[PDB]
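For reference, the structure is listed below as structure tokens.
Just so it is clear, none of the values below were taken in a lab; they were calculated from the coordinates. Here Cβ is always computed from backbone atoms with ideal geometry, including for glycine, and neighbour counts include all displayed protein chains.
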Amino acid sequence: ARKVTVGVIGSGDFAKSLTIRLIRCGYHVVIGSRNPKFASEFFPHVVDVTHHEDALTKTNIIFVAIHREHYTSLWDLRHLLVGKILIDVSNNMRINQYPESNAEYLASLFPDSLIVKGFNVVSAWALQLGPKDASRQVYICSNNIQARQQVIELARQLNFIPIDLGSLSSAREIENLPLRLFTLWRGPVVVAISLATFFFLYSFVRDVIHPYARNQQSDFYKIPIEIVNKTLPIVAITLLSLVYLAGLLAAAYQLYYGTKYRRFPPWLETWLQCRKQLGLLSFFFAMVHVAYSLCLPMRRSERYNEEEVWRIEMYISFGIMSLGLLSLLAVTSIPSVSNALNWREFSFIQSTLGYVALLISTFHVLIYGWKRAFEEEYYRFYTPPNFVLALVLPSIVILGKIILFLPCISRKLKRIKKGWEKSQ
Amino acid sequence: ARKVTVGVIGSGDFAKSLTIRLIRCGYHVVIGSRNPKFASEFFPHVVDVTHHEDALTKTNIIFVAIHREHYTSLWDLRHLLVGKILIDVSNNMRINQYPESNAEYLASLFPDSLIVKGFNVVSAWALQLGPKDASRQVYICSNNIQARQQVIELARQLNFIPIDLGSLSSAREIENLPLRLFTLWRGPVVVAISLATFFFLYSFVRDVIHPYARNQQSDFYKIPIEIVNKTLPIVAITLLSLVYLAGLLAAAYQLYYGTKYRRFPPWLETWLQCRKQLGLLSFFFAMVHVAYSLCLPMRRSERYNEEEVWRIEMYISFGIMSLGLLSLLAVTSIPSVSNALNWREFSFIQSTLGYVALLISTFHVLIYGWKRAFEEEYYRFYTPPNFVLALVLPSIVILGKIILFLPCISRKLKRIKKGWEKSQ
Amino acid sequence: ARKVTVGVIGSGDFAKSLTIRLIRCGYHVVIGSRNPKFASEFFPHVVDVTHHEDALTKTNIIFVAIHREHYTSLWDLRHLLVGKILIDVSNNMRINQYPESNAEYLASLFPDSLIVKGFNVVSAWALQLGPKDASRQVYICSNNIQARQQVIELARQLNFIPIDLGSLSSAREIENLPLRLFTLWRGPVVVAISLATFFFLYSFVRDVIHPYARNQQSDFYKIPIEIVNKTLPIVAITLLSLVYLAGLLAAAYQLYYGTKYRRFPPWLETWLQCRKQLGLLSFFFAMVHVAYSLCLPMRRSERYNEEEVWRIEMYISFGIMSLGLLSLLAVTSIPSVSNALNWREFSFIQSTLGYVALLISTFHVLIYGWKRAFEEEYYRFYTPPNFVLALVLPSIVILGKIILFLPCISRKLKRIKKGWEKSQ
Ligand SMILES: Cc1cc2nc3c(=O)[nH]c(=O)nc-3n(C[C@H](O)[C@H](O)[C@H](O)COP(=O)(O)OP(=O)(O)OC[C@H]3O[C@@H](n4cnc5c(N)ncnc54)[C@H](O)[C@@H]3O)c2cc1C
Ligand SMILES: Cc1cc2nc3c(=O)[nH]c(=O)nc-3n(C[C@H](O)[C@H](O)[C@H](O)COP(=O)(O)OP(=O)(O)OC[C@H]3O[C@@H](n4cnc5c(N)ncnc54)[C@H](O)[C@@H]3O)c2cc1C
Ligand SMILES: Cc1cc2nc3c(=O)[nH]c(=O)nc-3n(C[C@H](O)[C@H](O)[C@H](O)COP(=O)(O)OP(=O)(O)OC[C@H]3O[C@@H](n4cnc5c(N)ncnc54)[C@H](O)[C@@H]3O)c2cc1C
Ligand SMILES: NC(=O)c1ccc[n+]([C@@H]2O[C@H](COP(=O)([O-])OP(=O)(O)OC[C@H]3O[C@@H](n4cnc5c(N)ncnc54)[C@H](OP(=O)(O)O)[C@@H]3O)[C@@H](O)[C@H]2O)c1
Ligand SMILES: NC(=O)c1ccc[n+]([C@@H]2O[C@H](COP(=O)([O-])OP(=O)(O)OC[C@H]3O[C@@H](n4cnc5c(N)ncnc54)[C@H](OP(=O)(O)O)[C@@H]3O)[C@@H](O)[C@H]2O)c1
Ligand SMILES: NC(=O)c1ccc[n+]([C@@H]2O[C@H](COP(=O)([O-])OP(=O)(O)OC[C@H]3O[C@@H](n4cnc5c(N)ncnc54)[C@H](OP(=O)(O)O)[C@@H]3O)[C@@H](O)[C@H]2O)c1
Ligand code: HEM
Ligand code: HEM
Ligand code: HEM
Ligand SMILES: CC(C)CCC[C@@H](C)[C@H]1CC[C@H]2[C@@H]3CC=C4C[C@@H](O)CC[C@]4(C)[C@H]3CC[C@]12C
Ligand SMILES: CC(C)CCC[C@@H](C)[C@H]1CC[C@H]2[C@@H]3CC=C4C[C@@H](O)CC[C@]4(C)[C@H]3CC[C@]12C
Ligand SMILES: CC(C)CCC[C@@H](C)[C@H]1CC[C@H]2[C@@H]3CC=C4C[C@@H](O)CC[C@]4(C)[C@H]3CC[C@]12C
Ligand SMILES: CC(C)CCC[C@@H](C)[C@H]1CC[C@H]2[C@@H]3CC=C4C[C@@H](O)CC[C@]4(C)[C@H]3CC[C@]12C
Ligand SMILES: CC(C)CCC[C@@H](C)[C@H]1CC[C@H]2[C@@H]3CC=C4C[C@@H](O)CC[C@]4(C)[C@H]3CC[C@]12C
Ligand SMILES: CC(C)CCC[C@@H](C)[C@H]1CC[C@H]2[C@@H]3CC=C4C[C@@H](O)CC[C@]4(C)[C@H]3CC[C@]12C
């Protein structure tokens, strides 16, 4: 029933938190540091703190809890670290800082050891605490199977969820993972902000400034949130149109080149990768628009034609249908739901029901426009009304999709999708 | 640091996509085809394309990327495929097309080889691309442990998420998996459509046609979406009633037979299996009803008694309570949330809070009916009003559930639930 | 192709359901009972029911499907259970009933056997049925690797999802797991109920009783659900304030003590652990408030100043912003979404956007209060209006957070967060 000894190199924040987590989870830790005299009182009395040359002798699994630039300080400990699993927990301060990942550099430093990458994601504060809602998954990568399984078992005993990802070819991925902060959302968010700013300025120029000399009824105790009420929906529908224009453009490139075995242009690849983020931003903005259209027009201050009844009911119904379809798409976007669906079912949901949602949203805007545009006042300052642009982009998307259904084009796109593209 | 060679049989769409994915993920591929002269220019220069008899010699893991009906074309390669892992990636065009699954048929063809089922779910386009939101899980089944783990490691190196499911007894399941398209939703969707059509026709006959001779105030510029506003809620509540009538009927069958060790009738089994789909359809229709009741009655065109204040506030509150409980049930229906809950907690949530939601919905409809039914006009054309049916079904469900609480019945149902049913 | 024999000890409800599940999943079961004459007709004809001393001879994996207090009845079968995997499926009737878990007690009883904990979560009715939406994950813990993997494979063949959690140090956790019923929700729910009751009584005393002698316009055909409309929002905002006051107090304790390596007081630890439950309760109550504010003020019975337009639009917009941020936080609270986010991204979302949501909610309440408080009538009965308390708690939270941004305090808190706390 003797506890298994685990070695740790260095005495820092991560070393102390790791030692706490190991001791609480039924382990015995041997820590090697340059000056055990200095670091001995830091650690509890059940921690055996000695020199570098001593800790390695009495352990098999060693956490290299030092920074990358100090790895060469372990050069003298080359023949002691023979056949001993070295768990590399290091992290970089910048994505792609070095030509090779930290684990591969360590492996090149110590050819005879068994280098296992892992435990870098935890923050030396989740190690001190118990289970945490973000830092409960640890990714482990080693080119040696046995050492990888030993480290996975160690992670299991430390109340973690081990995740196996390969043979140090994945070390770069799990070193870049702790450093990323919504990398795929930056582009969609910038696009949404740009669209919102442009439509805000368009409404300000057309709706307010052009009749401002006529009326001039607003001051700083007024705000253009009638304009944000006209800006959120257009941004949402434009984001949906951008979600599906990427697929249209991919089809166009495939038809033009004649093969699917040609890499898309880098901008098209980035556009295709962030379609989920664009769609979720569109759903969020559509929901905010629904909230505004419910709360504001019906407020207590708002209390201060049969064909019109027709129109109002009909485009409200179309908006509700589109919102329901978008809600289905967003629900399927949860990782568990997406993984629980076949690729055929997921493709049906996303592609088909999103195209249907875009078409229904186009009708929902189109009715409003149909009896808000024929009056020459709203065709103001030579500038089309707000709904005209929010129609012109989904119109392009929908006409493209319909073009893709033509028999000649459908046949030339099936002959590509199904492999016979251009034999050579 | 030499790359591991992986063999592939055949040169088709799947073979080419698989070769691309293998080469990009640090592998070396040897492809065997009938005519290497023909297929050599198809594949890159780092691909060794030779005959069938040559590729097997220089590899250990071989992807049998050919259709099932051509498996007998490998009969001559029986003594070369001795002890070599054969990954069967084949798929059928129809569920339960053949008496035995593809993997088992291959294993019977080659008794001495190690047959591993896997990689059929990916679509030869997710292999070409990177990570995909539906095709990132691969299911692997082999009756040999070592070969199964080798194939799982191979899937890990190919940026997939290996899932182990057994010993080729699960081959049929993961061959039917790529072919299913919402199999459990078909029944609930057909039931919902039937209910919606019946209630639409009922409202058309009662609300419109019966006084149509009296008024005749509608034309084709009118639509019965006052009727869909009366059809969505009834369909939602009826779907909930059908969700819980299945449990009531299962209890009735258990009490009648005296044991739980008797298989339910096939219709009852299918009803019990699709309870989740019926409940989610009910939640979706209830949410659509909430959206209609918010957007339509308050529209700008809609602008064109204390006990009544009482009633309106009270049934709105009951509707909100029921919607909240249904939202809790739907949130627990996510696979991650369901797996994160104990069976006791999940049972409490679903059973208890869904019965409470059904009861509260019954009250919410019942108040509306209580002061919309006593007037003889709404008891029109000898036909009960719309809410009467939406009450009569949940009333049956609730009276059944209350009957199940009787001391004699509760005791006879505990003596069953807890094992003492009928000893023999 | 001979089936693998699996032994089962005892003949009860769990034994029968387990035997059914094993037989259906291609196994052959040998059941040992005290009186095979009695239990033989219970089980099918393909089940070999014999004495205790006979079943062990013809099997290797044995399910000890008897209660803990009867384990000593297997004392005579000590030398027969040598090297045989014993899967302990037992459960306790109370959390922490015994000093050592059931699996560890069994292991102490039989030192020479290989004890594996598992299959306790399933309810002897999910074993009889097929896949179930709560009982499809089984947790397995053994201090022997090989036996643990054998039991995991057995669980895989039984259409389960094996989960490995360690070396019998996790046996207590997975014995307590079937017994817990929302353990972390009890405290937050009691707090929410207490807040709701207190604010209901406060509104009853101030809003109704104090002018009750003045007007007396209500009877039992009236209800205080104008008061629940004033109670739900305050409870939601107070729950959010309590969510973040825990972090403020943790920071205060860290600054006072000078280290993060000191355990928080038990009440603070329990407060910190249940922050997710408090936040989700706050989100649920905020959504119920949104539903009430939409449905009730706009009802058909409700149909029975430019700066005010200003105010109404502005605080509605702030409420919508806060609801959107809370929705983002709740979406990230799904286990799949939380596990799919880096700890940095999850920390950003939760901490930063929740503080922003709290600030925006404070403004949203504050505008309403700003032009509903300056009238001396609402400062009624020497008691502050309802919004004043719902402001005073988030005000304390926000001033604390701002204090944490002071340069001296920020520096003393970074010197703690980053390890240099108090060297010894
Ligand atoms: C609310 C919301 C949530 C969303 N969530 C997600 C999400 O979680 N994940 C996600 O990925 N997206 C998500 N999306 C976006 C969604 O994936 C896209 O809208 C949808 O995939 C577009 O379908 P498509 O037909 O344009 O593209 P696809 O079907 O993906 O194909 C794009 C292009 O590739 C071609 N192509 C397709 N299959 C093949 C093949 N086998 N061989 C050759 N060429 C082929 C098509 O012809 C087309 O030119 C979401 C969108 C919304 C609105
Ligand atoms: C929005 C929504 C979402 C839903 N999501 C899901 C979902 O994700 N998954 C899902 O499965 N369902 C889901 N449902 C449906 C839900 O499961 C059912 O409403 C609920 O289980 C019915 O409870 P019950 O008491 O009728 O049935 P159960 O408790 O399941 O039992 C049915 C019958 O079996 C008997 N029985 C139960 N336990 C035993 C036992 N141990 N031994 C012998 N007999 C027993 C009962 O007496 C009864 O006769 C959802 C419903 C809704 C509205
Ligand atoms: C709708 C909703 C859903 C929610 N869902 C969840 C959920 O799923 N999971 C969950 O956990 N919470 C959840 N929450 C609550 C959420 O986690 C908290 O609101 C948030 O974490 C508080 O941030 P903080 O800065 O106060 O605390 P934290 O950042 O967690 O830190 C608390 C204290 O620890 C200190 N500290 C932090 N990091 C370190 C460190 N490295 N070293 C030393 N000291 C440190 C801080 O200074 C502070 O004193 C939810 C809340 C809401 C409203
Ligand atoms: N939150 C975290 O801290 C965290 C989280 C994840 C991963 N990590 C990784 O874990 C490792 C430990 O980080 P840390 O925060 O603990 O680092 P730190 O506080 O900077 O500690 C540096 C450690 O390196 C040792 N060291 C050895 N040779 C050295 C040299 N020449 N110069 C300087 N130091 C030398 C020191 O040990 P002596 O006492 O013997 O000098 C000391 O224990 C890093 O690789 C980090 O990327 C940290
Ligand atoms: N999207 C997909 O394509 C996909 C996805 C998942 C699974 N799969 C499975 O993967 C396998 C490959 O599918 P595929 O689409 O690549 O098929 P395909 O395009 O029809 O190719 C058929 C292949 O079979 C070989 N073959 C051998 N003997 C043959 C014979 N007698 N008659 C005809 N062909 C013979 C051919 O090789 P030669 O050049 O030597 O003649 C050719 O490479 C199938 O089992 C399929 O079910 C495919
Ligand atoms: N839903 C469930 O039932 C469920 C779920 C999860 C886990 N479990 C666990 O699985 C085990 C089986 O539970 P169960 O519900 O089947 O129990 P049960 O109905 O009470 O059966 C008791 C069993 O213990 C045997 N036994 C041996 N020595 C005994 C003694 N001295 N006194 C009494 N019985 C003795 C009996 O076998 P003989 O015929 O030879 O006397 C009988 O088969 C328990 O440990 C339970 O915690 C049960
Ligand atoms: C319950 C669901 C919805 C309701 C009740 C609703 C309501 C409305 C209303 C009343 C208008 C008239 C303009 C205004 O009031 O400011 C409008 C316009 C608009 N709707 Fe919606 N909507 C819904 C969903 C959606 C969705 C999901 C989309 C797009 C994905 C969308 C796209 C638009 C657009 C772009 C406009 C712009 C028209 C203009 O600014 O002139 N709507 N909506
Ligand atoms: C915020 C939540 C809800 C609100 C505001 C609401 C509102 C209403 C209103 C105003 C009516 C009167 C009939 C009408 O206006 O067309 C009604 C009727 C009805 N409600 Fe709801 N409801 C809600 C939730 C629900 C839910 C969740 C269910 C069932 C699961 C439900 C079941 C019904 C049914 C069946 C009727 C039919 C009455 C009739 O057609 O005569 N309601 N609801
Ligand atoms: C769409 C979102 C929201 C809308 C439309 C809304 C609407 C309102 C309205 C109209 C009032 C005036 C008092 C009343 O009508 O009873 C109010 C008050 C209040 N709001 Fe909201 N709200 C929203 C979201 C929120 C959220 C998310 C919170 C807190 C997390 C919140 C906190 C409060 C509080 C505490 C009051 C109390 C004021 C009082 O009782 O005097 N609101 N809200
Ligand atoms: C993050 C996502 C949303 C980015 C999508 C933004 C779109 C509108 C941007 C991003 C990159 C852009 C492309 C970048 C480069 C070129 C080449 C030149 O001929 C101008 C047009 C063209 C082809 C641009 C078209 C618009 C474009 C595709
Ligand atoms: C929204 C838009 C971008 C959707 C795509 C429309 C355009 C780009 C597509 C639709 C029809 C396509 C054409 C269909 C047929 C041919 C004939 C052959 O020579 C291949 C290219 C060519 C000439 C295609 C070029 C691209 C094309 C013109
Ligand atoms: C997919 C789900 C929702 C199906 C539920 C539909 C219900 C209403 C249908 C489906 C199958 C049907 C049963 C099929 C067969 C019989 C036998 C005969 O005596 C008529 C009634 C009875 C017992 C039917 C009752 C109604 C029933 C249970
Ligand atoms: C909604 C409905 C279907 C719920 C179930 C109600 C009916 C079917 C149930 C409830 C009470 C049950 C009875 C309770 C007691 C007995 C006595 C004994 O001889 C077993 C059968 C019998 C006669 C049961 C038959 C089924 C029964 C009548
Ligand atoms: C389950 C969660 C929400 C519990 C949070 C409830 C809060 C308000 C309660 C729970 C435990 C309580 C603490 C328990 C003990 C003490 C010590 C004494 O000096 C009184 C105050 C103090 C410090 C209490 C302050 C309020 C407190 C922190
Ligand atoms: C909402 C509230 C609880 C937030 C926290 C505010 C209080 C408790 C915090 C904020 C500023 C803190 C002080 C900042 C600086 C010092 C000086 C040094 O001697 C450490 C303790 C001491 C004296 C701290 C004690 C705790 C403190 C006073």
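Can you tell me how much longer the chain between C:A252 and C:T183 gets when fully stretched, taken as 0.36 nm per residue apart minus their C-alpha distance, in nm with one decimal?
Difference between extended and current length: 22.1 nm.
Can you list residues whose amide H is under 5 Å from B:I87's amide H, if they're 5+ apart or on another chain and H is modeled 1.01 Å from N?
B:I62, B:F63, B:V64, B:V116
Quick check: convex hull of the Cα atoms in region A:299-424, volume per residue, rounded to a whole Å³?
215
Given axes a ≥ b ≥ c from the Cα gyration tensor, I'd like to know whether region C:169-219 is rounded (a/c under 1.5), prolate (a/b larger than b/c) or oblate.
Here region C:169-219 falls in the prolate category.
Kindly give the distances from C:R180 to its copy-mates, label point to label point, with each label point 7 Å from Cα along Cα→Cβ, as nm values to one decimal ordered shortest first.
3.0, 3.0
Using Cβ contacts closer than 10 Å as the measure, can you line up B:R172, B:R148 from fewest to most?
Exposure proxy ranking, most exposed first: B:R172, B:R148.
Restricting to bridges with both residues inside the protein assembly as shown, how much of the DSSP beta-bridge set is antiparallel, in percent to the nearest 5?
Of all bridge pairs located within the protein assembly as shown, approximately 10 percent are antiparallel.
So what's the gap between the Cα centers of region A:389-424 and region B:127-196, to the nearest angstrom?
29
Give me the log10 of I(q) over I(0) for the protein assembly as shown at q = 0.09 Å⁻¹, as the Debye formula computes it from C-alpha points; what are the numbers?
-1.48
What is the antiparallel percent of DSSP beta bridges lying wholly in chain A, to the nearest 5?
Bridges in chain A are about 10 percent antiparallel.
Can you give the local net charge around B:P335? Use residues other than it whose beta-carbon is closer than 13 angstrom to its beta-carbon, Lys and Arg +1, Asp and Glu -1.
Net local charge, B:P335 excluded: +2.
Could you list A:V47, B:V64 in order of exposure, starting from the residue whose Cβ has the fewest other Cβ atoms within 10 Å?
If I rank by nearby Cβ atoms, fewest first, I get A:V47, B:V64.
Cut-off under 13 Å on the C-alpha distance; same-chain residues fewer than 8 positions from C:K58 excluded. Which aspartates and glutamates are left, in chain and number order?
Filter leaves C:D48.
In debye to the nearest 20, how big a dipole does the protein assembly as shown give about its Cα centre with +1 on each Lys and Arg Cβ and -1 on each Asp and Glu Cβ?
1060
List the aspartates and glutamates whose Cα sits under 15 Å from the Cα of A:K132, skipping any in the same chain fewer than 8 residues away.
Leaving aside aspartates and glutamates fewer than 8 places away in the same chain, those within reach of A:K132 are C:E269, C:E345.
Return the FRET efficiency for the residue pair B:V309, C:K3: r is the Cβ-Cβ distance, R0 is 56 Å, and the value is rounded to the nearest 0.05.
0.20
Expressed in nm², what is the orientationally averaged projection area of the convex hull enclosing the Cα positions of region C:1-138?
Value for region C:1-138: 8.8 nm².
Would you calculate a helix-derived [θ] at 222 nm for chain A, using -39,500 (n - 2.57) for each DSSP H run of n ≥ 4 and dividing by the full residue count, to the nearest 500?
Taking each H run of at least 4 residues, the total per residue is -15500 deg cm²/dmol.
Inter-copy label distances at C:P131, 7 Å along the Cα→beta-carbon direction, one decimal in nm, shortest first?
Ordered by increasing distance: 2.3, 2.3 nm.
Using a 7 Å offset from the Cα along the Cα-to-Cβ direction at both A:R372 and A:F220, what is the distance between the two label points in nm, to one decimal?
Going by the 7 Å Cα→Cβ label model, 3.1 nm.
Just want to confirm a number: the relative contact order over region C:5-179, from Cα pairs under 8 angstrom separated by 6+ residues, in percent.
Answer for region C:5-179 is 20 percent.
Please arrange C:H67, A:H79, C:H289 by counting, for each residue, the other beta carbons lying within 10 Å of its beta carbon, fewest first.
Final ranking by Cβ density, sparse to dense: A:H79, C:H67, C:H289.
Take the Cα pairs of chain C, get the Kirkwood Rh, then feed it into Stokes-Einstein at 20 °C and 1.002 mPa s and tell me D in µm²/s.
Estimated via Stokes-Einstein, D reaches 81 µm²/s.
For region A:159-174, what does the Karplus curve 6.51 cos²θ - 1.76 cosθ + 1.60, with θ = phi - 60°, yield as ³J(HN,Hα) per residue in whole Hz, taken in order and with x for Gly and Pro?
Result, ordered by residue: 6, 10, 10, x, 10, 9, 10, x, 9, 6, 6, 9, 5, 4, 4, 7 Hz.
If each of C:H51 and C:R94 carries a label point 7 Å out from its Cα toward its Cβ, how far apart are those two points in nm?
3.8
Any chance you could list P(r) for region C:186-417, counting all Cα-Cα pairs in 5 angstrom bins from zero, rounded to whole %?
Calculated over all Cα pairs of region C:186-417, the distribution is 1, 6, 11, 15, 18, 16, 12, 8, 6, 4, 2, 1, 0 percent.
Inter-copy label distances at C:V388, 7 Å along the Cα→beta-carbon direction, one decimal in nm, shortest first?
C:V388 label point versus its equivalents elsewhere: 5.5, 5.5 nm.
Points 7 angstrom from Cα along the Cβ direction at B:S351 and A:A213: gap in nanometres?
Once both label points are built, they end up 7.6 nm from each other.
Which whole number gives the average count of other chain Cβ atoms within 10 Å of the Cβ atoms across peptide C:342-353?
Per-residue shielding by partner chains comes out at 4.
Give me the net charge for the shell around C:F346: Cβ to Cβ below 15 angstrom, other residues only, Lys and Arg +1, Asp and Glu -1.
Value of the local net charge: +4.
If you take the beta carbon distance between B:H79 and A:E302 as r and set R0 to 60 Å, what does 1/(1 + (r/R0)^6) give as a FRET efficiency, to the nearest 0.05?
The pair B:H79/A:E302 has a calculated efficiency of 0.10.
Straight-line reach from C:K117: which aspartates and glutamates have a Cα under 20 Å away, not including same-chain ones fewer than 8 places off?
A:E153, C:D13, C:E69, C:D88, C:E100, C:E104, C:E153, C:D164, C:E173, C:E175
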